[PDB]
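Listing of my_file_18.cif, mmCIF, C-alpha atoms (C1' of nucleotides) and all ligand atoms
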```cif
data_start
#
loop_
_atom_site.group_PDB
_atom_site.id
_atom_site.type_symbol
_atom_site.label_atom_id
_atom_site.label_comp_id
_atom_site.auth_asym_id
_atom_site.auth_seq_id
_atom_site.Cartn_x
_atom_site.Cartn_y
_atom_site.Cartn_z
ATOM 1 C CA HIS A 25 39.093 -170.984 130.008
ATOM 2 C CA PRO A 26 36.627 -173.236 127.971
ATOM 3 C CA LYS A 27 34.243 -175.981 129.269
ATOM 4 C CA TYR A 28 35.254 -179.681 130.053
ATOM 5 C CA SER A 29 33.417 -181.242 127.059
ATOM 6 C CA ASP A 30 35.476 -178.541 125.249
ATOM 7 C CA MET A 31 38.664 -179.928 126.923
ATOM 8 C CA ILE A 32 37.864 -183.669 126.426
ATOM 9 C CA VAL A 33 37.531 -182.984 122.624
ATOM 10 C CA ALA A 34 41.009 -181.310 122.369
ATOM 11 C CA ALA A 35 43.192 -184.219 123.661
ATOM 12 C CA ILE A 36 41.574 -187.134 121.731
ATOM 13 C CA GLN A 37 41.178 -185.008 118.526
ATOM 14 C CA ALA A 38 44.690 -183.479 118.246
ATOM 15 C CA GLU A 39 47.011 -186.592 118.319
ATOM 16 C CA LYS A 40 45.122 -190.001 118.526
ATOM 17 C CA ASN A 41 47.241 -192.861 120.018
ATOM 18 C CA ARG A 42 47.719 -194.365 123.508
ATOM 19 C CA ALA A 43 45.157 -197.058 124.562
ATOM 20 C CA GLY A 44 42.741 -195.680 121.906
ATOM 21 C CA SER A 45 42.175 -193.017 124.471
ATOM 22 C CA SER A 46 42.486 -193.433 128.282
ATOM 23 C CA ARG A 47 42.530 -191.499 131.599
ATOM 24 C CA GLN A 48 46.220 -190.572 132.195
ATOM 25 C CA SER A 49 47.235 -189.398 128.692
ATOM 26 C CA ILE A 50 44.062 -187.224 128.514
ATOM 27 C CA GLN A 51 44.799 -185.506 131.890
ATOM 28 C CA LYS A 52 48.512 -184.855 130.941
ATOM 29 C CA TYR A 53 47.598 -182.973 127.712
ATOM 30 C CA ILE A 54 44.528 -181.246 129.333
ATOM 31 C CA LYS A 55 46.533 -179.536 132.135
ATOM 32 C CA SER A 56 48.939 -177.697 129.733
ATOM 33 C CA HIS A 57 46.311 -175.126 128.500
ATOM 34 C CA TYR A 58 43.086 -175.483 130.544
ATOM 35 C CA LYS A 59 45.111 -174.193 133.548
ATOM 36 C CA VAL A 60 44.668 -176.658 136.444
ATOM 37 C CA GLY A 61 42.277 -176.175 139.365
ATOM 38 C CA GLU A 62 42.123 -178.913 142.044
ATOM 39 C CA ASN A 63 38.638 -179.807 140.660
ATOM 40 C CA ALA A 64 40.274 -180.725 137.278
ATOM 41 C CA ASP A 65 40.454 -184.487 137.882
ATOM 42 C CA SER A 66 37.030 -184.583 139.636
ATOM 43 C CA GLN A 67 35.016 -182.798 136.873
ATOM 44 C CA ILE A 68 37.074 -184.569 134.050
ATOM 45 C CA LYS A 69 35.853 -188.056 135.212
ATOM 46 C CA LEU A 70 32.285 -186.598 135.634
ATOM 47 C CA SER A 71 32.456 -185.135 132.078
ATOM 48 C CA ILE A 72 33.399 -188.683 130.878
ATOM 49 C CA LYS A 73 30.648 -190.323 133.082
ATOM 50 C CA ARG A 74 27.802 -188.391 131.287
ATOM 51 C CA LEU A 75 29.486 -188.156 127.807
ATOM 52 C CA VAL A 76 29.859 -192.008 127.578
ATOM 53 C CA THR A 77 26.113 -192.490 128.459
ATOM 54 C CA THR A 78 24.738 -189.761 126.062
ATOM 55 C CA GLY A 79 26.330 -190.912 122.727
ATOM 56 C CA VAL A 80 28.838 -188.047 122.092
ATOM 57 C CA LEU A 81 31.613 -190.454 123.214
ATOM 58 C CA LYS A 82 31.451 -194.293 122.886
ATOM 59 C CA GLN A 83 33.643 -196.802 124.767
ATOM 60 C CA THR A 84 35.918 -199.447 123.135
ATOM 61 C CA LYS A 85 36.860 -201.908 125.958
ATOM 62 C CA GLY A 86 36.535 -201.886 129.804
ATOM 63 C CA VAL A 87 34.717 -203.178 132.975
ATOM 64 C CA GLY A 88 32.736 -200.848 135.359
ATOM 65 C CA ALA A 89 34.876 -197.715 135.904
ATOM 66 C CA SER A 90 38.077 -198.536 133.858
ATOM 67 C CA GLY A 91 38.577 -198.813 130.046
ATOM 68 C CA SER A 92 39.217 -196.865 126.823
ATOM 69 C CA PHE A 93 37.029 -194.669 124.516
ATOM 70 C CA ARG A 94 36.604 -193.062 121.048
ATOM 71 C CA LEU A 95 34.781 -190.036 119.571
ATOM 72 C CA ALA A 96 32.662 -191.444 116.698
ATOM 73 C CA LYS A 97 29.782 -193.467 118.229
ATOM 74 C CA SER A 98 29.543 -197.184 117.230
ATOM 75 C CA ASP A 99 28.118 -197.700 113.668
ATOM 76 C CA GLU A 100 28.139 -193.847 113.167
ATOM 77 C "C1'" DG B 1 -24.559 -106.842 207.520
ATOM 78 C "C1'" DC B 2 -24.733 -110.764 211.112
ATOM 79 C "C1'" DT B 3 -25.284 -115.143 212.449
ATOM 80 C "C1'" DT B 4 -25.146 -119.751 211.357
ATOM 81 C "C1'" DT B 5 -24.069 -123.453 208.972
ATOM 82 C "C1'" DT B 6 -22.497 -125.974 205.075
ATOM 83 C "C1'" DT B 7 -18.742 -126.390 201.674
ATOM 84 C "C1'" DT B 8 -14.149 -125.899 200.464
ATOM 85 C "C1'" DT B 9 -9.722 -124.690 201.384
ATOM 86 C "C1'" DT B 10 -5.634 -125.143 203.926
ATOM 87 C "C1'" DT B 11 -2.194 -127.219 207.018
ATOM 88 C "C1'" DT B 12 -0.176 -131.099 209.761
ATOM 89 C "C1'" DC B 13 0.407 -135.939 211.092
ATOM 90 C "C1'" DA B 14 1.178 -140.598 208.907
ATOM 91 C "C1'" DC B 15 3.002 -144.735 205.910
ATOM 92 C "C1'" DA B 16 4.006 -147.712 202.254
ATOM 93 C "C1'" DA B 17 7.414 -147.392 198.665
ATOM 94 C "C1'" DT B 18 11.994 -146.180 197.326
ATOM 95 C "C1'" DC B 19 16.913 -145.849 197.378
ATOM 96 C "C1'" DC B 20 21.420 -145.873 198.770
ATOM 97 C "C1'" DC B 21 24.433 -147.791 201.256
ATOM 98 C "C1'" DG B 22 26.606 -151.956 202.710
ATOM 99 C "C1'" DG B 23 27.034 -157.190 202.346
ATOM 100 C "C1'" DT B 24 26.281 -162.144 200.619
ATOM 101 C "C1'" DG B 25 25.397 -166.200 197.484
ATOM 102 C "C1'" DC B 26 24.239 -168.881 193.288
ATOM 103 C "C1'" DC B 27 23.391 -170.094 188.862
ATOM 104 C "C1'" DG B 28 23.157 -169.126 184.175
ATOM 105 C "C1'" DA B 29 25.418 -165.767 180.662
ATOM 106 C "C1'" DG B 30 29.283 -166.197 178.049
ATOM 107 C "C1'" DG B 31 33.032 -168.119 176.615
ATOM 108 C "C1'" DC B 32 36.043 -172.317 175.281
ATOM 109 C "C1'" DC B 33 36.701 -176.670 172.736
ATOM 110 C "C1'" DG B 34 36.360 -180.563 169.735
ATOM 111 C "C1'" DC B 35 33.750 -181.968 166.158
ATOM 112 C "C1'" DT B 36 30.439 -182.101 161.660
ATOM 113 C "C1'" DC B 37 27.323 -180.724 158.923
ATOM 114 C "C1'" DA B 38 25.942 -177.292 156.169
ATOM 115 C "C1'" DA B 39 27.719 -173.307 153.270
ATOM 116 C "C1'" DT B 40 31.006 -172.693 149.694
ATOM 117 C "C1'" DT B 41 33.663 -173.366 145.198
ATOM 118 C "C1'" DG B 42 33.299 -174.769 140.221
ATOM 119 C "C1'" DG B 43 31.395 -176.310 136.333
ATOM 120 C "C1'" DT B 44 27.370 -178.261 133.574
ATOM 121 C "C1'" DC B 45 22.733 -177.791 131.758
ATOM 122 C "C1'" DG B 46 18.021 -176.154 130.853
ATOM 123 C "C1'" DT B 47 14.725 -172.764 130.927
ATOM 124 C "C1'" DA B 48 12.493 -168.092 133.303
ATOM 125 C "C1'" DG B 49 11.878 -164.096 132.057
ATOM 126 C "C1'" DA B 50 13.811 -159.206 130.128
ATOM 127 C "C1'" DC B 51 13.064 -157.533 126.066
ATOM 128 C "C1'" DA B 52 11.225 -156.120 121.547
ATOM 129 C "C1'" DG B 53 7.004 -155.966 118.806
ATOM 130 C "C1'" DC B 54 2.124 -156.506 117.731
ATOM 131 C "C1'" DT B 55 -2.854 -156.604 118.933
ATOM 132 C "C1'" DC B 56 -7.012 -154.671 120.353
ATOM 133 C "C1'" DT B 57 -9.315 -154.581 125.361
ATOM 134 C "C1'" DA B 58 -11.095 -151.322 127.705
ATOM 135 C "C1'" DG B 59 -10.209 -147.078 130.070
ATOM 136 C "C1'" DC B 60 -10.735 -142.070 129.627
ATOM 137 C "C1'" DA B 61 -12.994 -137.761 127.857
ATOM 138 C "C1'" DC B 62 -16.540 -135.251 126.238
ATOM 139 C "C1'" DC B 63 -21.244 -133.590 125.874
ATOM 140 C "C1'" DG B 64 -26.377 -132.305 127.003
ATOM 141 C "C1'" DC B 65 -30.583 -133.853 128.827
ATOM 142 C "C1'" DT B 66 -33.834 -135.750 132.652
ATOM 143 C "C1'" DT B 67 -34.837 -135.862 137.363
ATOM 144 C "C1'" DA B 68 -33.409 -138.212 141.339
ATOM 145 C "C1'" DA B 69 -30.897 -136.560 144.752
ATOM 146 C "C1'" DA B 70 -28.627 -133.112 147.591
ATOM 147 C "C1'" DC B 71 -29.098 -128.639 149.950
ATOM 148 C "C1'" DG B 72 -30.809 -125.320 152.950
ATOM 149 C "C1'" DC B 73 -34.231 -123.601 156.095
ATOM 150 C "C1'" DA B 74 -38.617 -123.620 159.266
ATOM 151 C "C1'" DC B 75 -39.981 -125.734 163.303
ATOM 152 C "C1'" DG B 76 -40.531 -128.375 167.731
ATOM 153 C "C1'" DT B 77 -39.913 -132.914 169.944
ATOM 154 C "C1'" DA B 78 -37.752 -136.079 172.559
ATOM 155 C "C1'" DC B 79 -33.061 -136.535 173.415
ATOM 156 C "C1'" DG B 80 -28.641 -135.775 176.262
ATOM 157 C "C1'" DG B 81 -26.818 -134.403 180.280
ATOM 158 C "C1'" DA B 82 -26.798 -131.999 184.634
ATOM 159 C "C1'" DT B 83 -28.207 -132.180 189.246
ATOM 160 C "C1'" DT B 84 -29.782 -134.238 193.036
ATOM 161 C "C1'" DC B 85 -30.775 -138.311 195.907
HETATM 162 CA CA CA A 201 43.907 -180.309 148.287
HETATM 163 CA CA CA A 202 8.254 -167.091 127.451
#
```

Turn this file's structure into structure tokens for me.
Amino acid sequence: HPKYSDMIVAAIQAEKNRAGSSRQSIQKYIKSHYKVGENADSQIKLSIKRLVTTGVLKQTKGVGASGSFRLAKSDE
DNA sequence: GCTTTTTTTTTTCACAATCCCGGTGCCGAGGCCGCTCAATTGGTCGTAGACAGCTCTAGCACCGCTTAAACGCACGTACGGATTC
């Protein structure tokens, strides 16, 4: 298997559609070829929690925990 | 060679200590139970250190002289240790 910032790239990159990108449609695609452990959902929200704050991923619209994201940082 | 007497050896009577039975009694080892908190699973992230490669410190070897030091022996003193008190 590959890492979870390896997995988060594959869903949003391949197709590009529902709610810009959001939490359910990412986890549906991700499970098909990561091969699911129980920790999948726990370390997929953690991967998002540190990727949104670093600059690799930037968020479109939300409040606190919920929302929707993109890949290209804002103004870049 | 005898006596006497002093020392040492031998036995012969004692007594705490031990052990094996029995029997009894109590409390803490040893196990159970219902948690929870600390080890485990999994993945992410950053650097500690094996490893290769270079430098060049300093550790080893070698020699031949000078003489301080070690070695060995002659000699007798004051020490160690036995004995006695
Ligand atoms: Ca479960
Ligand atoms: Ca280093």

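Using all atoms listed in the file, we find that the residues with an atom at most 12 Å from any atom of ligand CA 202 (chain A) are residues 47, 48, 49, 50 and 51 of chain B.
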
Keeping C-alpha atoms (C1' of nucleotides), export the residues of the selection given above as an mmCIF file, in the frame of the given file.
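Printed below is out.cif as written:
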```cif
data_model
loop_
_atom_site.group_PDB
_atom_site.id
_atom_site.type_symbol
_atom_site.label_atom_id
_atom_site.label_comp_id
_atom_site.auth_asym_id
_atom_site.auth_seq_id
_atom_site.Cartn_x
_atom_site.Cartn_y
_atom_site.Cartn_z
ATOM 1 C "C1'" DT B 47 14.725 -172.764 130.927
ATOM 2 C "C1'" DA B 48 12.493 -168.092 133.303
ATOM 3 C "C1'" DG B 49 11.878 -164.096 132.057
ATOM 4 C "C1'" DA B 50 13.811 -159.206 130.128
ATOM 5 C "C1'" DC B 51 13.064 -157.533 126.066
#
```

Notebook entry, point to check: Leaving out residue 62 (chain A) and any residue of its chain fewer than 5 positions from it, which residues lie within 12 Å of it when counting all atoms listed in the file, given as a PyMOL selection string?
Noted result: (chain A and resi 55+67-68) or (chain B and resi 41-42)

With C-alpha atoms (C1' of nucleotides) retained, export the selected residues as an mmCIF file, in the coordinates of the input.
```cif
data_model
loop_
_atom_site.group_PDB
_atom_site.id
_atom_site.type_symbol
_atom_site.label_atom_id
_atom_site.label_comp_id
_atom_site.auth_asym_id
_atom_site.auth_seq_id
_atom_site.Cartn_x
_atom_site.Cartn_y
_atom_site.Cartn_z
ATOM 1 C CA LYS A 55 46.533 -179.536 132.135
ATOM 2 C CA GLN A 67 35.016 -182.798 136.873
ATOM 3 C CA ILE A 68 37.074 -184.569 134.050
ATOM 4 C "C1'" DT B 41 33.663 -173.366 145.198
ATOM 5 C "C1'" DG B 42 33.299 -174.769 140.221
#
```

Next item on the list: Decode the PyMOL selection byres (((not hetatm)) within 12 of (chain A and resi 201)) for the given file into explicit residues and return them as an MDAnalysis selection string.
Entry: chainID A and resid 61:66

Notebook entry, point to check: the PyMOL selection byres (((chain A and resi 28) around 9) and not hetatm) on the file shown: which residues, as a PyMOL selection string?
Noted result: (chain A and resi 26-27+29-33+58+64+67-68+71) or (chain B and resi 43-44)

Six-sided padding of 8 Å per side, axis-aligned box over region 63-76 of chain A, centre and edges in Å, one decimal, as AutoDock Vina command-line options:
```
--center_x 34.1 --center_y -185.9 --center_z 134.1 --size_x 28.7 --size_y 28.2 --size_z 29.1
```

Next item on the list: Please write as an MDAnalysis selection string the full residue list that the PyMOL selection byres (((chain A and resi 81) around 8) and not hetatm) yields on this file.
Entry: chainID A and resid 75:80 82:83 93:97

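Of note, CA of residue 46 (chain A) and CA of residue 85 (chain A) are spaced 10.4 Å apart.
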